[PDB]
């Protein structure tokens, strides 16, 4: 089964969202500033490609409109999302849970039902004291299967 590298400097996959012109290599988590400096990365260090919900975080940087997840808001309901691993191209469609604040604006959409999903997180303003990206917006995509 698809495995995420132990070496944090090695690419684990590729994520693409055509409608938003996003094409990025995905690195192992957790998503710290160093990891996001490398590219978008898995949310948690213990993430698994066999999980029902796979989370990937990406930066928002206005100096570079098409950098990582800066242009993710351009991906509306129904937008195709491609997650490429070594042996498969997984396809997902953006749901109505998009561009929403992590808490109270939106929550568990399919984390338990309706199948496999990808949770894309735009991250900004990392707080070293708490280990949290204070500025976050989530986008949930469900597998086309």
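Positions refer to the first chain, counted from 1.
Relative to one another, 20-28 and 127-135 have unequal mean CA B-factors, and 127-135 is the one with the higher figure.
Annotation for 46-54 versus 87-95: the higher mean temperature factor (C-alpha) is found in 46-54.
When the modelled residues of the chain are ordered by their C-alpha B factor, residue 70 lands in the middle third. Among all modelled residues in its chain, residue 113 ranks in the highest third by Cα B-factor. Among all modelled residues in this chain, the alpha-carbon of residue 105 has a temperature factor (C-alpha) in the highest third. Placement of the Cα temperature factor of residue 77 within the chain: middle third of the modelled residues, per the deposited record. In the deposited entry, the Cα temperature factor of residue 37 places it in the middle third of its chain's modelled residues.
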